[PDB]
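All ligand and atom numbering here is 1-based and tracks the order in the structure. Count residues from 1 along the sequence.
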Amino acid sequence: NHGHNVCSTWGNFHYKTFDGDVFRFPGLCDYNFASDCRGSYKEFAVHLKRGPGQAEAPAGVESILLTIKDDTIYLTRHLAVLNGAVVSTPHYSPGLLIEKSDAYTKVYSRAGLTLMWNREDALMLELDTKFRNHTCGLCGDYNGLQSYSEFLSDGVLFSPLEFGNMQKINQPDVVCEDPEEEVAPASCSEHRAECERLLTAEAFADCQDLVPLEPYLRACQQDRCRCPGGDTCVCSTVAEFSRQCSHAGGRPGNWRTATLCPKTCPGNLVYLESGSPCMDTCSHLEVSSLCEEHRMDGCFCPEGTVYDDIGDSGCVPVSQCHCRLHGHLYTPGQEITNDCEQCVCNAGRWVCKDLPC
Ligand SMILES: *[C@@H]1O[C@H](CO)[C@@H](O)[C@H](O)[C@H]1NC(C)=O
Ligand SMILES: [Cu+2]
């Protein structure tokens, strides 16, 4: 019942600004995704390295670089690096939480910023309202007005290709070329039946009045003709419609089937288009007020088990949780000594009785 202000990218190079513009930009270089370029003190910058990837399939993301106040976060498909130091997840530090699920790597900042990446095509940034009118990059100016509704002095308009190219971050001594102006961009108009059939299904009943349907249709027509092999692209776009509903306070239903884009989780994890934002985990770090936010898609543990974010052994009973200290894993039962307390790993927590010093 309470939404967020999100900019996102997914699938075959689709982008969505804070203000709701959806465009395609197929650049393969490093870009300014979103920045506090108007702050008197710059509070954040998010850079998106696309890298090379496979055509006629959703586009890859090589890495993400986050700067927030005095902290630097570098994310890849396998790495999480904090101020140059490789870190284990979950990682908690002052007003910054990095955590890794099977569905998403997520970054949470007390500076007014949350970031979620599925470690493939789909990336998404929620910002606090205090950053209205403050932002640069592919995500727009966050000012409450759309491309179609606007133009600048001297009749300056930016096509999606040159707006994207303007955000390129050049690396000394590395060559990376913009994409070439696309020859005859055919506006695939003959698949609208199937696409609208999909974004109107009973599963998006709640979403029809929360998320504007027209931008996602045209992106869905684009998918059906630029990605003619299979359904990989057009299901990124239906997933994104689902995601936009959830981030706007709504509850999409389960729209996937055995033939209509199956999605399964490892082990005994359950895929839900909309589950709790807060599950118990072996680390027990998910206790902040983020538990009061809207529901989201992902992989969830069956009742009676907790997600083992410490020893990566799936959904376990809490009594079988690993503990962690100074980079080392511990089994339930093992005991450790610091000073005047000896601590035992119990149910994923370090329970400590005091001793004489
Ligand atoms: C942001 O900018 C728009 C257009 O310039 C303006 O209408 C709006 O009041 C601004 N928001 C603020 C100052 O919070
Ligand atoms: Cu949200």
Nearest N/O/S atom of [X] with respect to the Cu ion (ligand 2), by atom name, please.
{"X": "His247", "answer": "ND1"}
{"X": "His4", "answer": "ND1"}
{"X": "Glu126", "answer": "OE2"}

Practice task
Using salt bridge (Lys or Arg N to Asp or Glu O under 4.0 Å) as the criterion, list what pairs up with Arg192, not counting sequence neighbours.
Solution key: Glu196, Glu214
Exercise for the section: Mind telling me whether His134 and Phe131 have parallel, tilted or perpendicular rings, with 30° and 60° as the class edges? Expected result: perpendicular
Problem - atom 4 (C) of ligand 1 touched by protein (heavy atom, under 4.0 Å) - result: no
Exercise for the section: Kindly state whether the ring of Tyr15 and the ring of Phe23 have centres lying under 6.0 angstrom apart. Expected result: yes
Problem - Residues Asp30, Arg50: salt bridge by 4.0 Å N-O rule - result: no
Exercise for the section: Please determine if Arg24 and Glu182 form a salt bridge, counting it only when a charged side-chain N lies under 4.0 Å from a carboxylate O. Expected result: yes
Problem - Check: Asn133 N/O within less than 3.5 Å of ligand 1 N/O - result: yes
